[PDB]
There are 2 protein chains.
Amino acid sequence: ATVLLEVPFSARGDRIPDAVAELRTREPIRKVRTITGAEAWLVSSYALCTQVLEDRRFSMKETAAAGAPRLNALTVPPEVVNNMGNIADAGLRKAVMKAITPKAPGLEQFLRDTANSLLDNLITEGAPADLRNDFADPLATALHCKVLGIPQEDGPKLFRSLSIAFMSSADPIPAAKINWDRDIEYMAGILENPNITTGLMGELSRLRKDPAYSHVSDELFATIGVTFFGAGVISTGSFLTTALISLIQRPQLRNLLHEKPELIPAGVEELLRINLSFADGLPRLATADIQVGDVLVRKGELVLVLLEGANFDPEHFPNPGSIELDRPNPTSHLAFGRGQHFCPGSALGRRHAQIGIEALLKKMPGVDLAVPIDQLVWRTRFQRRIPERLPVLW
Amino acid sequence: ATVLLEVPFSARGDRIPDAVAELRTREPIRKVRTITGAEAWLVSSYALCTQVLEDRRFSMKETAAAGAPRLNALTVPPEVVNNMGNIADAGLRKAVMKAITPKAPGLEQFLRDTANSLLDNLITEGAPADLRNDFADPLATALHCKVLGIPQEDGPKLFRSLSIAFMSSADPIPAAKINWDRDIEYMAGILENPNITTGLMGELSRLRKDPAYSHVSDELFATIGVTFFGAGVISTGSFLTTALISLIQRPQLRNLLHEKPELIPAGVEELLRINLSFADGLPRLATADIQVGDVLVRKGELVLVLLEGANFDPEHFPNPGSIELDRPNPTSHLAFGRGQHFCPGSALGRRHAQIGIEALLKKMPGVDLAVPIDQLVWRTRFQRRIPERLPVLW
Ligand code: HEM
Ligand code: HEM
Ligand SMILES: O=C1N[C@@H](Cc2ccc(O)cc2)C(=O)N[C@H]1Cc1ccccc1
Ligand SMILES: O=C1N[C@@H](Cc2ccc(O)cc2)C(=O)N[C@H]1Cc1ccccc1
């Protein structure tokens, strides 16, 4: 006698478990047990993943309902699960989106100078260097401080919330509330700070005093600050870190991109496709009875959309484990999701990785792991897969 | 068909696997496979563990022989496996031992003041706090700087080697050689530095110029510095960290020790007994054919002495999972080993933990985990079991 198949399979972000392909071939939608003890439908083929993400009756918002089967415990207030919905309803979608495009004057140059400075310091200190704690994560943090319009010096303290904020836990986390309330207070103070006139918080601060936004709550304005910092920094920091592992392990690709840096955008799109940064399927709660492949999903049930299921599906991406810069469908991956909840920071995430990789290859063309790859320590029970340290030499 | 049982069982240091007791009862010496692919004899009862540790024909030195079955790859030069042997042969055993006793004038007071300062800063910053990175590890580091007689400011950089130096790896680690050579250079410089006149390095520095030690190599003198810093800091830092977890999870004991701090030494001895800080059995290579229980161990074979096997053996420590302050045999545990290779820093390790715990309970009587205990991230493929962060509130 065995127990129901449990998720997640492995916290390692350097290889995809064989079970994924076995599941996709034989049972692309199937029952599993989450860390909370709830049952869920795990969906692992490109066709069925897209079907779920494109049908709003599979609701993100409703995952926060009391009594629902849960993937993990909330680390934010239940209303914050509908964060983008709330922003849209407040008439703030356009303003937020304009504030987070990588095409802001001087922003890409700021990224370049920042990446270059970080790398110069590592070279000066000498090998080994930690490319997560001393490159990818400070770069992500520096970027989001600039995008938000908040002091660079405040970045490290806001960052220190994230190892807890993005936990994937069976039970509520007392520290998450403490940090959340503190960070919300920080952002409420930013909105009242006359020095803060640029970036996303500068724009929110002015819209807050505009009579057309008079009935938008101060709670929402502070929430947008905390949530976009946290989601942007964890996503870009983790993606860049795991992408660098994928590159370091592919010297031929590394040499090609070094030689022809104009191929970097196509390289990053493939790195996105094969990336295992997301530790759990994307959760949705059925709000009707809906047929998904061989299964009738019932109202109230939890569905988990497995991004690497879709992104490694050989029916959509032939030879899926190989980085190939000349695919006919290169942006059709699900790394940024699909449908109603498509990542609003996708352009910014792309540019973050492109510039980070550009600068690394320029400065450290001899980059290699300083420890055997099995020695990386993979963070557990977290919403992302990431090594605690990424030791490299050059 | 199944493969040979693999070690280690789990990197979690907050619970002992059920398999340990099952092994001890049914097969207290049995064949296993290590991470290198080698076979070894795993020994898990108190009686057989003591037998192996007390018989020098089970050699520590010989584990470093070329072609031997290995638990893991060397992170030090092969001659350094015989470090204490080398010290003894150089006539330096007494001098080293005298230098590392916790009874040095002002040393315990330095520990108290240091622990108190660290805790005050955490209280000032506010919850949550990380008791590994911001308490146990700086306290261990501060202590060993003082014991060695080296600047407190040099501690953090020497510490940064340890996440690699004490890896338990299948293959050699390039970063370990880089850090090793650099740290050896640092210590060679300390021996020539006229400012360094106290502690272990001050004493080695004077013995180096004494004609009775004229033919002791400079290599050995620098090696003693690097090895005692590294082993002392990793062992005390890791033990204190995991001991604090054991305490936090036992509020009744925590209250008793708070109320009657004179019981702390007896508390620490039990915390040592139940501690799971050591990630692997202690390795020994047979140099003869020797009967151990039902098995004839052959010359050249690897034997792994499982400390928690012995320390949780109900035949020697009845109700072994319970901390009981009134045992008749309280120091007969194997936390510091046994025989030829008994830990030379045992008194210092005891005092480090006693003072750290004393100060914590005084300052933070309300200490508790700030995250569910399953959320701790346990370091993998390492010679110690430790959480990457220990978030607490008070
Ligand atoms: C390469 C980096 C990034 C990756 C891989 C990524 C991935 C994703 C994915 C897969 C989703 C969809 C989740 C779902 O449908 O359940 C999402 C949504 C979201 N992301 Fe990103 N993201 C990245 C960067 C960013 C950045 C830079 C920001 C903001 C600065 C951001 C903020 C958000 C927000 C607020 C949502 C929720 C959207 C909604 O609910 O409609 N992300 N992200
Ligand atoms: C509570 C903290 C400590 C624990 C739990 C601990 C544990 C141990 C154990 C179990 C051994 C025996 C290994 C074997 O036989 O294979 C050992 C040996 C050793 N320890 Fe400790 N130790 C601690 C503190 C220290 C300190 C503070 C120092 C130095 C400052 C130190 C330096 C050494 C050295 C050099 C050896 C090798 C002894 C030999 O080969 O004869 N340890 N330790
Ligand atoms: O639940 C949500 N919360 C935030 C993201 C977020 C989560 C935790 C945190 O501490 C800060 C920010 C959101 O905007 N949208 C949704 C979905 C989401 C979760 C995680 C990352 C991105 C989106
Ligand atoms: O192999 C040894 N090396 C050192 C300990 C040591 C290991 C690694 C390092 O980077 C620094 C110090 C020793 O003294 N004795 C032996 C056994 C030992 C290993 C680990 C801890 C304690 C003792």
# chains A, B, ... in the order shown; residues from 1 in each chain; ligands from 1

$ select_by_dssp --residues "segment 282-391 of chain B" --states "strand (DSSP E or B)" --output "list in words"
residues 282, 283, 284, 285, 286, 290, 291, 292, 295, 296, 297, 302, 303, 304, 305, 368, 369, 378, 382, 384, 387 and 391 of chain B

$ residues_near_ligand --ligand "ligand 3" --cutoff "9 Å" --atoms "only C-alpha atoms and all ligand atoms" --output "MDAnalysis selection string"
chainID A and resid 60:61 64 74:85 161:162 164:167 176 179:180 223:224 226:232 234:235 341 343 383

$ interface_residues --of "chain B" --to "chain A" --cutoff "12 Å" --atoms "only C-alpha atoms" --output "PyMOL selection string"
chain B and resi 11-12+35-36+72-73+75+125-130+157+160-161+163-180+182+368-383+386-394

$ residues_around --residues "segment 91-107 of chain A" --least-positions-apart "6" --cutoff "7 Å" --atoms "only C-alpha atoms" --output "PyMOL selection string"
chain A and resi 147+199-200+344-345+347-348+351

$ write_last_selection --atoms "N, CA, C and O atoms" --output "PDB file, in the first residue's frame"
ATOM      1  N   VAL A 147      13.172  51.305  -9.822  1.00  0.00           N
ATOM      2  CA  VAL A 147      11.827  51.242 -10.418  1.00  0.00           C
ATOM      3  C   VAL A 147      10.758  51.849  -9.481  1.00  0.00           C
ATOM      4  O   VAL A 147       9.889  52.608  -9.933  1.00  0.00           O
ATOM      5  N   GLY A 199       9.619  57.224 -10.141  1.00  0.00           N
ATOM      6  CA  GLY A 199       9.311  55.800 -10.176  1.00  0.00           C
ATOM      7  C   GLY A 199       7.872  55.498  -9.795  1.00  0.00           C
ATOM      8  O   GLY A 199       7.024  56.398  -9.739  1.00  0.00           O
ATOM      9  N   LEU A 200       7.610  54.231  -9.497  1.00  0.00           N
ATOM     10  CA  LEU A 200       6.267  53.787  -9.188  1.00  0.00           C
ATOM     11  C   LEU A 200       5.690  54.475  -7.945  1.00  0.00           C
ATOM     12  O   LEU A 200       4.543  54.930  -7.977  1.00  0.00           O
ATOM     13  N   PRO A 344       2.766  40.950 -15.115  1.00  0.00           N
ATOM     14  CA  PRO A 344       2.874  42.347 -15.574  1.00  0.00           C
ATOM     15  C   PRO A 344       4.310  42.874 -15.693  1.00  0.00           C
ATOM     16  O   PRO A 344       4.532  43.925 -16.304  1.00  0.00           O
ATOM     17  N   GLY A 345       5.283  42.156 -15.137  1.00  0.00           N
ATOM     18  CA  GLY A 345       6.662  42.625 -15.158  1.00  0.00           C
ATOM     19  C   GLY A 345       7.554  41.855 -16.111  1.00  0.00           C
ATOM     20  O   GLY A 345       8.780  41.878 -15.958  1.00  0.00           O
ATOM     21  N   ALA A 347       8.509  42.217 -19.241  1.00  0.00           N
ATOM     22  CA  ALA A 347       9.506  42.976 -20.012  1.00  0.00           C
ATOM     23  C   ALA A 347      10.682  43.350 -19.122  1.00  0.00           C
ATOM     24  O   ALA A 347      11.845  43.249 -19.533  1.00  0.00           O
ATOM     25  N   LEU A 348      10.370  43.753 -17.893  1.00  0.00           N
ATOM     26  CA  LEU A 348      11.394  44.106 -16.917  1.00  0.00           C
ATOM     27  C   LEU A 348      12.246  42.888 -16.533  1.00  0.00           C
ATOM     28  O   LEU A 348      13.473  42.993 -16.454  1.00  0.00           O
ATOM     29  N   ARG A 351      14.656  42.015 -19.384  1.00  0.00           N
ATOM     30  CA  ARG A 351      15.761  42.959 -19.496  1.00  0.00           C
ATOM     31  C   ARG A 351      16.768  42.800 -18.353  1.00  0.00           C
ATOM     32  O   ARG A 351      17.980  42.924 -18.565  1.00  0.00           O
TER      33      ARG A 351
END

$ closest_residue --among "A:56, A:327, A:144, A:362" --to "ligand 1" --atoms "only C-alpha atoms and all ligand atoms"
A:144

$ residues_around --residues "residue 271 of chain B" --least-positions-apart "4" --cutoff "9 Å" --atoms "only C-alpha atoms" --output "NGL selection string"
:B and (239 or 242-244 or 246-247 or 266-267 or 275 or 323)

$ select_by_dssp --residues "segment 1-120 of chain A" --states "helix (DSSP H, G or I)" --output "ChimeraX atom specification"
/A:18-26,46-53,61-64,78-89,93-99,107-120

$ residues_around --residues "segment 312-321 of chain B" --least-positions-apart "3" --cutoff "12 Å" --atoms "only C-alpha atoms" --output "ChimeraX atom specification"
/B:14-18,20-25,28,43-50,246,270-276,306-309,324,326-335

$ atom_distance --atom1 "atom CA of residue 70 of chain A" --atom2 "atom CA of residue 7 of chain A"
12.3 Å

$ closest_residue --among "B:269, B:54, B:280, B:153" --to "ligand 4" --atoms "only C-alpha atoms and all ligand atoms"
B:280

$ closest_residue --among "B:284, B:258, B:33, B:206" --to "ligand 4" --atoms "only C-alpha atoms and all ligand atoms"
B:284

$ closest_residue --among "A:19, A:290, A:216, A:240" --to "ligand 1" --atoms "only C-alpha atoms and all ligand atoms"
A:240

$ residues_around --residues "residue 68 of chain A" --least-positions-apart "3" --cutoff "12 Å" --atoms "only C-alpha atoms" --output "VMD selection string"
chain A and resid 36 to 40 61 to 65 71 to 74 283 to 287 299 to 303

$ residues_around --residues "residue 118 of chain A" --least-positions-apart "5" --cutoff "10 Å" --atoms "only C-alpha atoms" --output "list in words"
residues 113, 123, 131, 134, 135, 136, 138, 139, 359 and 360 of chain A

$ closest_residue --among "B:10, B:86, B:354, B:124" --to "residue 257 of chain B" --atoms "only C-alpha atoms"
B:354

$ decode --residues "segment 254-292 of chain B" --atoms "N, CA and C atoms" --output "PDB file, in the first residue's frame"
ATOM      1  N   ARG B 254      13.036  24.787  29.208  1.00  0.00           N
ATOM      2  CA  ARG B 254      13.439  26.184  29.057  1.00  0.00           C
ATOM      3  C   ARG B 254      13.091  26.971  30.320  1.00  0.00           C
ATOM      4  N   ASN B 255      11.885  26.758  30.850  1.00  0.00           N
ATOM      5  CA  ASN B 255      11.443  27.425  32.081  1.00  0.00           C
ATOM      6  C   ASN B 255      12.229  26.993  33.306  1.00  0.00           C
ATOM      7  N   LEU B 256      12.519  25.695  33.390  1.00  0.00           N
ATOM      8  CA  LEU B 256      13.324  25.143  34.476  1.00  0.00           C
ATOM      9  C   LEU B 256      14.736  25.719  34.500  1.00  0.00           C
ATOM     10  N   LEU B 257      15.372  25.791  33.335  1.00  0.00           N
ATOM     11  CA  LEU B 257      16.730  26.326  33.251  1.00  0.00           C
ATOM     12  C   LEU B 257      16.754  27.833  33.514  1.00  0.00           C
ATOM     13  N   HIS B 258      15.716  28.532  33.069  1.00  0.00           N
ATOM     14  CA  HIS B 258      15.575  29.962  33.359  1.00  0.00           C
ATOM     15  C   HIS B 258      15.510  30.189  34.875  1.00  0.00           C
ATOM     16  N   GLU B 259      14.631  29.434  35.527  1.00  0.00           N
ATOM     17  CA  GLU B 259      14.408  29.487  36.972  1.00  0.00           C
ATOM     18  C   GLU B 259      15.615  29.024  37.794  1.00  0.00           C
ATOM     19  N   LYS B 260      16.270  27.951  37.346  1.00  0.00           N
ATOM     20  CA  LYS B 260      17.427  27.396  38.050  1.00  0.00           C
ATOM     21  C   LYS B 260      18.623  27.275  37.102  1.00  0.00           C
ATOM     22  N   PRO B 261      19.327  28.394  36.859  1.00  0.00           N
ATOM     23  CA  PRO B 261      20.399  28.403  35.863  1.00  0.00           C
ATOM     24  C   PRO B 261      21.600  27.554  36.270  1.00  0.00           C
ATOM     25  N   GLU B 262      21.605  27.058  37.503  1.00  0.00           N
ATOM     26  CA  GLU B 262      22.671  26.170  37.962  1.00  0.00           C
ATOM     27  C   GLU B 262      22.548  24.772  37.341  1.00  0.00           C
ATOM     28  N   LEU B 263      21.379  24.494  36.769  1.00  0.00           N
ATOM     29  CA  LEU B 263      21.121  23.242  36.056  1.00  0.00           C
ATOM     30  C   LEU B 263      21.588  23.286  34.593  1.00  0.00           C
ATOM     31  N   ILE B 264      22.051  24.446  34.144  1.00  0.00           N
ATOM     32  CA  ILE B 264      22.446  24.601  32.738  1.00  0.00           C
ATOM     33  C   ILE B 264      23.553  23.616  32.302  1.00  0.00           C
ATOM     34  N   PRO B 265      24.635  23.480  33.095  1.00  0.00           N
ATOM     35  CA  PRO B 265      25.614  22.449  32.712  1.00  0.00           C
ATOM     36  C   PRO B 265      25.019  21.050  32.520  1.00  0.00           C
ATOM     37  N   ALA B 266      24.111  20.617  33.401  1.00  0.00           N
ATOM     38  CA  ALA B 266      23.461  19.306  33.217  1.00  0.00           C
ATOM     39  C   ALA B 266      22.539  19.310  31.987  1.00  0.00           C
ATOM     40  N   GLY B 267      21.898  20.450  31.731  1.00  0.00           N
ATOM     41  CA  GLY B 267      21.093  20.626  30.516  1.00  0.00           C
ATOM     42  C   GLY B 267      21.929  20.503  29.247  1.00  0.00           C
ATOM     43  N   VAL B 268      23.117  21.109  29.252  1.00  0.00           N
ATOM     44  CA  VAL B 268      23.984  21.119  28.062  1.00  0.00           C
ATOM     45  C   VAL B 268      24.509  19.709  27.750  1.00  0.00           C
ATOM     46  N   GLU B 269      24.787  18.938  28.797  1.00  0.00           N
ATOM     47  CA  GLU B 269      25.254  17.566  28.639  1.00  0.00           C
ATOM     48  C   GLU B 269      24.188  16.688  27.956  1.00  0.00           C
ATOM     49  N   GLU B 270      22.928  16.844  28.360  1.00  0.00           N
ATOM     50  CA  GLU B 270      21.834  16.188  27.652  1.00  0.00           C
ATOM     51  C   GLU B 270      21.630  16.715  26.230  1.00  0.00           C
ATOM     52  N   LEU B 271      21.816  18.020  26.034  1.00  0.00           N
ATOM     53  CA  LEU B 271      21.672  18.607  24.691  1.00  0.00           C
ATOM     54  C   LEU B 271      22.762  18.051  23.775  1.00  0.00           C
ATOM     55  N   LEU B 272      23.951  17.865  24.333  1.00  0.00           N
ATOM     56  CA  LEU B 272      25.047  17.183  23.630  1.00  0.00           C
ATOM     57  C   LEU B 272      24.669  15.754  23.293  1.00  0.00           C
ATOM     58  N   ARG B 273      24.127  15.027  24.267  1.00  0.00           N
ATOM     59  CA  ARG B 273      23.760  13.635  24.027  1.00  0.00           C
ATOM     60  C   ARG B 273      22.773  13.481  22.868  1.00  0.00           C
ATOM     61  N   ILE B 274      21.728  14.312  22.830  1.00  0.00           N
ATOM     62  CA  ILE B 274      20.705  14.151  21.787  1.00  0.00           C
ATOM     63  C   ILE B 274      21.017  14.889  20.474  1.00  0.00           C
ATOM     64  N   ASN B 275      22.188  15.506  20.392  1.00  0.00           N
ATOM     65  CA  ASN B 275      22.458  16.417  19.285  1.00  0.00           C
ATOM     66  C   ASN B 275      22.711  15.641  17.985  1.00  0.00           C
ATOM     67  N   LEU B 276      22.247  16.193  16.870  1.00  0.00           N
ATOM     68  CA  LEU B 276      22.381  15.553  15.564  1.00  0.00           C
ATOM     69  C   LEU B 276      23.267  16.390  14.631  1.00  0.00           C
ATOM     70  N   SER B 277      24.130  17.223  15.226  1.00  0.00           N
ATOM     71  CA  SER B 277      24.996  18.127  14.467  1.00  0.00           C
ATOM     72  C   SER B 277      25.889  17.370  13.484  1.00  0.00           C
ATOM     73  N   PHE B 278      26.394  16.200  13.874  1.00  0.00           N
ATOM     74  CA  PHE B 278      27.265  15.419  12.968  1.00  0.00           C
ATOM     75  C   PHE B 278      26.449  14.702  11.881  1.00  0.00           C
ATOM     76  N   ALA B 279      26.697  15.082  10.621  1.00  0.00           N
ATOM     77  CA  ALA B 279      25.894  14.621   9.486  1.00  0.00           C
ATOM     78  C   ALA B 279      26.232  13.197   9.035  1.00  0.00           C
ATOM     79  N   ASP B 280      27.463  12.762   9.305  1.00  0.00           N
ATOM     80  CA  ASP B 280      27.968  11.462   8.844  1.00  0.00           C
ATOM     81  C   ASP B 280      28.532  10.703  10.038  1.00  0.00           C
ATOM     82  N   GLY B 281      28.572   9.371   9.951  1.00  0.00           N
ATOM     83  CA  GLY B 281      29.332   8.576  10.930  1.00  0.00           C
ATOM     84  C   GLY B 281      30.795   9.013  10.936  1.00  0.00           C
ATOM     85  N   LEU B 282      31.508   8.792  12.045  1.00  0.00           N
ATOM     86  CA  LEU B 282      32.950   9.052  12.073  1.00  0.00           C
ATOM     87  C   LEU B 282      33.679   7.944  11.287  1.00  0.00           C
ATOM     88  N   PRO B 283      34.496   8.318  10.279  1.00  0.00           N
ATOM     89  CA  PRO B 283      35.116   7.283   9.456  1.00  0.00           C
ATOM     90  C   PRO B 283      36.418   6.704  10.061  1.00  0.00           C
ATOM     91  N   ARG B 284      36.609   5.405   9.862  1.00  0.00           N
ATOM     92  CA  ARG B 284      37.815   4.692  10.264  1.00  0.00           C
ATOM     93  C   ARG B 284      38.090   3.623   9.206  1.00  0.00           C
ATOM     94  N   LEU B 285      39.367   3.353   8.948  1.00  0.00           N
ATOM     95  CA  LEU B 285      39.750   2.281   8.014  1.00  0.00           C
ATOM     96  C   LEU B 285      40.382   1.132   8.794  1.00  0.00           C
ATOM     97  N   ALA B 286      39.868  -0.081   8.599  1.00  0.00           N
ATOM     98  CA  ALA B 286      40.402  -1.265   9.283  1.00  0.00           C
ATOM     99  C   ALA B 286      41.830  -1.539   8.819  1.00  0.00           C
ATOM    100  N   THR B 287      42.745  -1.797   9.754  1.00  0.00           N
ATOM    101  CA  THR B 287      44.128  -2.118   9.374  1.00  0.00           C
ATOM    102  C   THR B 287      44.459  -3.582   9.676  1.00  0.00           C
ATOM    103  N   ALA B 288      43.432  -4.330  10.078  1.00  0.00           N
ATOM    104  CA  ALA B 288      43.512  -5.765  10.326  1.00  0.00           C
ATOM    105  C   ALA B 288      42.104  -6.332  10.158  1.00  0.00           C
ATOM    106  N   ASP B 289      41.976  -7.663  10.182  1.00  0.00           N
ATOM    107  CA  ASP B 289      40.661  -8.317  10.176  1.00  0.00           C
ATOM    108  C   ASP B 289      40.166  -8.380  11.627  1.00  0.00           C
ATOM    109  N   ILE B 290      39.040  -7.723  11.902  1.00  0.00           N
ATOM    110  CA  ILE B 290      38.549  -7.522  13.263  1.00  0.00           C
ATOM    111  C   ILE B 290      37.055  -7.831  13.341  1.00  0.00           C
ATOM    112  N   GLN B 291      36.686  -8.703  14.277  1.00  0.00           N
ATOM    113  CA  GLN B 291      35.296  -9.069  14.503  1.00  0.00           C
ATOM    114  C   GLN B 291      34.603  -7.954  15.254  1.00  0.00           C
ATOM    115  N   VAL B 292      33.495  -7.484  14.688  1.00  0.00           N
ATOM    116  CA  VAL B 292      32.643  -6.464  15.301  1.00  0.00           C
ATOM    117  C   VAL B 292      31.232  -7.037  15.240  1.00  0.00           C
TER     118      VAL B 292
END
